[PDB]
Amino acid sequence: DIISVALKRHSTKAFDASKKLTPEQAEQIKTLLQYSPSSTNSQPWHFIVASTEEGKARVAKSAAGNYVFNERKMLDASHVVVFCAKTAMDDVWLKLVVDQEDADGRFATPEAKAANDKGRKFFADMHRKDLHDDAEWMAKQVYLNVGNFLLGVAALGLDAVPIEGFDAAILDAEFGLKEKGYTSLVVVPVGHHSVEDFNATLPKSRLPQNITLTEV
């Protein structure tokens, strides 16, 4: 029952470090990251999955200054996912995507592949050549991925918290992301909440539909 899932999930404020993902769950979260949809199947993303003490410590360097309120979450969760966007959309990536779609059997003819490549480049060029918003466009797809992910991990029976409160320059530097062509956007600790998670027992709150939603 996915509505039950959506209503019962919450942003976890404290994790029980002793409660690890099962081997299975650890693979299933990777599956979720991989299989998110994205505009033109552009998949303009990279994920860091930190499951070791050393790994999580490296990520937690980013919870500095104004962001110390997020350090323990990064340290204490079983697994921590860093969602990264490409910094620019290049033709090598676009060829990578269409070639993969071909390998997977999505095209019956050379003509169908070529039409798919043309359609993808129409959108990619709109953003990188005309609007000059390809960095934002790609970051949007990564956020869509995050939204898919948070509901998915909840449906697996796992706790999570999305985090924008981190220093992306520190995180990028720690993992050499800039030279690799990526930048960190959202950190998502995944695991099981502790009794210290004050948010597990508080009511959820949302604006009423009479403000946010119009039916036509």
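Throughout, rigid core stands for the largest set of C-alpha atoms superposing within 1.5 Å between the two forms. Residue numbers run from 1 along the displayed sequence.
J.: Which is farther from the shown form in 5 other deposited structures of this protein in C-alpha RMS with the core fitted, 29-37 or 62-70?
T.: When 62-70 and 29-37 are compared in 5 other deposited structures of this protein, the bigger C-alpha shift is seen for 62-70.
J.: So which stretch wins on mean C-alpha B-factor, 106-114 or 131-139?
T.: That would be 106-114.
J.: Between 119-127 and 86-94, which has the higher average C-alpha B-factor in the PDB entry?
T.: That would be 119-127.
J.: Could you check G65, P37, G147, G165 and tell me which one carries the biggest Cα B-factor in the deposited entry?
T.: Reading the PDB entry, the winner on C-alpha B-factor is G65.
J.: How does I3 rank on Cα B-factor within its chain, lowest, middle or highest third?
T.: According to the entry, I3 has a C-alpha B-factor in the chain's middle third.
J.: Quick check on the deposited entry: does the C-alpha B-factor of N199 sit in the lowest, middle or highest third of its chain?
T.: Within its chain, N199 is a middle-third residue by C-alpha B-factor, going by the deposited values.
J.: Just say lowest, middle or highest third for the CA B-factor of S18 relative to the other modelled residues in its chain.
T.: CA B-factor rank for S18: highest third.
J.: Per the entry's values, where does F47 land by CA temperature factor relative to the rest of its chain, in the lowest, middle or highest third?
T.: Bottom third by C-alpha B-factor.
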